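One chain comes next, on its own, written as structure tokens: the form solved without adenosine-5'-diphosphate (ADP).
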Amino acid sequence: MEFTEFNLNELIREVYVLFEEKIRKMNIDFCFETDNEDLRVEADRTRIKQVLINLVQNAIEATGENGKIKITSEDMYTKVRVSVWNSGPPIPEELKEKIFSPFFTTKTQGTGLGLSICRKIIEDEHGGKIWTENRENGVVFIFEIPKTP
């Protein structure tokens, strides 16, 4: 695991830069907002990164050309929350939970949403929570981790 202290907002930036070319090519309107530029946490930097990478990849794929992605990060005292919202069709409430389970079907297209590993990292490793809600003309994926283990 190796837990290090880092600016969580630095991870968000690295992941935007990773997908920036694609986001631009697709004419996706991207927004990042934080209520605290220095959002310090002790966590497994590599694994949290992996979660953000998956959430942004999925948001790009779900929103499609001319879509919209917003990431927000929030300082909540002893914990942080990161929200990755995309414009696009809602996830049916029935797959809202199911989506984080180790469930698998050949019906799923592409290489998968990778959300079981996301839940493994956030909840099982970090003691936090990850969930999804339907919002605006879109869908949001939210996680919360404690600031310290």
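Superpose the two forms; the largest set of C-alphas matching within 1.5 Å is the rigid core. Residue positions are given as counts along the sequence shown, with the first one as 1.
Another form exists, solved in complex with adenosine-5'-diphosphate (ADP); not displayed. Remarks below refer to it.
S.K.: Here blocked means 3 or more ligand atoms within 2.4 Å of a backbone or C-beta atom once adenosine-5'-diphosphate (ADP) is superposed in from its placement in the deposited bound form. Does this form come out open or blocked?
M.R.: Here the answer is blocked - the superposed ligand has 3 or more atoms within 2.4 Å of backbone or C-beta atoms.
S.K.: Can you work out whether adenosine-5'-diphosphate (ADP) is within 4.5 angstroms of a heavy atom in all three of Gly127, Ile142 and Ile145 in the deposited bound form?
M.R.: No: none of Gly127, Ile142 and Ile145 comes within 4.5 Å of adenosine-5'-diphosphate (ADP) in the deposited bound form.
S.K.: Is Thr34 one of the residues lying within 4.5 Å of adenosine-5'-diphosphate (ADP) in the deposited bound form, judged by heavy atom distances?
M.R.: Judged by the heavy-atom cut-off of 4.5 Å, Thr34 is well away from adenosine-5'-diphosphate (ADP) in the deposited bound form.
S.K.: With a cut-off of 4.5 Å between heavy atoms, is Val41 one of the residues that contacts adenosine-5'-diphosphate (ADP) in the deposited bound form?
M.R.: No, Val41 stays farther than 4.5 Å from adenosine-5'-diphosphate (ADP) in the deposited bound form.
S.K.: May I ask you to state whether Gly112 is within 4.5 Å of adenosine-5'-diphosphate (ADP) in the deposited bound form, using heavy atom distances?
M.R.: Looking in the deposited bound form, residue contacts with adenosine-5'-diphosphate (ADP) include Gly112, since a heavy atom lies within 4.5 Å.
S.K.: In the deposited bound form, does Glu61 come within 4.5 Å of adenosine-5'-diphosphate (ADP), counting heavy atoms only?
M.R.: So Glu61 counts as contacting adenosine-5'-diphosphate (ADP).
S.K.: In the deposited bound form, which residues of 85-109 put a heavy atom within 4.5 Å of adenosine-5'-diphosphate (ADP)?
M.R.: Counting only heavy atoms within 4.5 Å of adenosine-5'-diphosphate (ADP) in the deposited bound form, the contacting residues of 85-109 are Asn86, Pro89, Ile91, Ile99, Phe104, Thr105, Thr106, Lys107.
S.K.: After fitting the rigid core, is the C-alpha of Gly112 off by 2 Å or more between this form and the one not shown?
M.R.: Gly112: C-alpha displaced by 2 Å or more between this form and the one not shown.
S.K.: If the two forms are fitted on the core, does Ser101 show a Cα displacement reaching 2 angstroms between this form and the one not shown?
M.R.: Passes the 2 Å threshold, so yes.
S.K.: Closer or farther: the C-alpha atoms of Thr108 and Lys129 in the deposited bound form, versus the form shown, with a change of 3 angstroms or more?
M.R.: Farther apart in the deposited bound form, by 3 Å or more.
S.K.: With a shift of at least 3 angstroms, figure out whether the C-alpha spacing between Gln109 and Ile91 grows or shrinks in the deposited bound form: closer or farther?
M.R.: Compared with the form shown here, the C-alpha atoms of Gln109 and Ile91 sit farther apart in the deposited bound form, by 3 Å or more.
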